[PDB]
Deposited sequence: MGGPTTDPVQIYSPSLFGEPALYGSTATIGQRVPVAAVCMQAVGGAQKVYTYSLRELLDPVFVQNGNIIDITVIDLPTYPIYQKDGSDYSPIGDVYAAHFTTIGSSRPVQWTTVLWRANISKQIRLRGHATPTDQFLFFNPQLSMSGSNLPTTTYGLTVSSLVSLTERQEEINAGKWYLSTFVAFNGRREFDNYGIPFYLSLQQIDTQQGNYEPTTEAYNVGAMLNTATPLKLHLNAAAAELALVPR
């Protein structure tokens, strides 16, 4: 595996999860990941710049760009490649109400405006594990994580800028979803039902740190290379 880190931009949002499919509905415009040699697809609105990443393997800084699979945009009925994925990692978060989180590291190969827009009927929800300060009695606090699920919305049309050569994170998450496909052993999940916006706390996992689903201090990303 590759350990990944980078300074964040001023006010740059943290990684999060989005869903945009209910029944047969799909978003009008979104970031798409289709399986190699397959027609299956998942969607996302997650697009996070890595301002200046650093890649580390087995304690040594390496150059990832010295077997990739592309990442597309869906723009209406028109899919188009926007970059290539170098590493990805998946993990199941939770027990009786699992959240499947797939993070992919990719480098844009075109400097373009990426349109995001949900289906006209509200279908778009967003997921985040918000770190909380937990106190039981008069002891040292710990960090718990709650699952924040936004209410259903129809994502207003918007333009997001990507630049050739830059690195980007993109999650593909699902709430109690199905195994749609996998790419080089990394599964990709999809859920098709509205998510109850009332959710409890989720026990932390060391893989949720690796995929970036739960924030922690000085904790780098850690994904599998395409192999």
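Gaps in the coordinates relative to the deposited sequence fall at 1-7, 74-76, 238-247.
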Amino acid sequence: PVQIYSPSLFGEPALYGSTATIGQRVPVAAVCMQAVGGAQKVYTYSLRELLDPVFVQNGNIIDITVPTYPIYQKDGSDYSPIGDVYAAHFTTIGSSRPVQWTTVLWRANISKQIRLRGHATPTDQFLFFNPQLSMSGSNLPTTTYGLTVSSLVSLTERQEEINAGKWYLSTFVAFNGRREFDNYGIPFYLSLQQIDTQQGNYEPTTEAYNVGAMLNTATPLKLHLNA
From here on, numbers count along this sequence of modelled residues.
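Between 116-124 and 92-100, it is 92-100 that carries the larger average Cα temperature factor according to the deposited entry. In this entry, the higher average B-factor at the C-alpha atoms falls on 199-207, of the pair 10-18 and 199-207. Between the residues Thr144, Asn109, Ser136, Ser154, it is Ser136 that shows the highest Cα B-factor in the PDB record. Among all modelled residues in this chain, the alpha-carbon of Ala30 has a temperature factor (C-alpha) in the lowest third. Annotation for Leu50: CA B-factor lies in the middle third of the chain's modelled residues. Residue-level temperature factors show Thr171 in the lowest third of its chain, judged at the C-alpha atom. In this PDB entry, the Cα temperature factor of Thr44 sits in the bottom third of its chain's modelled residues, the lowest group. Sort the modelled residues of the chain by CA B factor and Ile61 lands in the lowest third.
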